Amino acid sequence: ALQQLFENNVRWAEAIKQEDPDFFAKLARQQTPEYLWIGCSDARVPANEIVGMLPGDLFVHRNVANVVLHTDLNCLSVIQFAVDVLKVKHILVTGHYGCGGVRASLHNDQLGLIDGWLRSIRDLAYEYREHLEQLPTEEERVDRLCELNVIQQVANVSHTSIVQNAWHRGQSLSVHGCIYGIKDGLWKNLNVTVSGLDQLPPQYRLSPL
């Protein structure tokens, strides 16, 4: 039944209105998050809770294994809305350890549609086959690939014309790579932050319009 969810909602809404009766009314007027979160759909990685944000703070995209593709208008439209319309200052690319999407990309079972979605991670596993091979346990290979994935996705976001054109017009915008431990609740910085055009390889730089 959906009863408990409806009941949780009515209790939550009422609790907030008791502490601040204008809470939702004020929020509903203007959307002004400083952050966009790009993360995995995994139920164990809820964005707001992990970084203690409130409704209104965090624009969110979640997909399988937090993949960013330059032909995917789903993720790209979230980025473009965030960057062009909301003018978020930060894009938080957050992958996590023990990601099943990353895991699936390391094995050879077919999962259907998802197989094509995860292609780019599978590409990552192949380019780093040497590195990954020198790690003993599958858990280690998976977790390293989770990190490699995040670092790659940070690159992918920063290479978009969406993000470059924000920089061209002097908009302040940083793309961060973080990784969440589902084993310990800790959200960790991979320290791969990109905040300007000068940090991009020449081959990915696009001229202003």
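For every residue, the number given is its place in the sequence shown, counted from 1.
- The PDB entry records a higher mean C-alpha B factor for 134 to 142 than for its counterpart among 99 to 107 and 134 to 142.
- Annotation for 62 to 70 versus 24 to 32: the higher mean temperature factor (C-alpha) is found in 24 to 32.
- Per-chain ranking of the deposited C-alpha B factor places residue 181 in the middle third.
- When the modelled residues of the chain are ordered by their C-alpha B factor, residue 169 lands in the highest third.
- Per the PDB record, residue ranking by Cα B-factor puts residue 53 in the highest third of the chain.
- In the PDB entry, residue 123 places in the middle third of its chain by CA B-factor.
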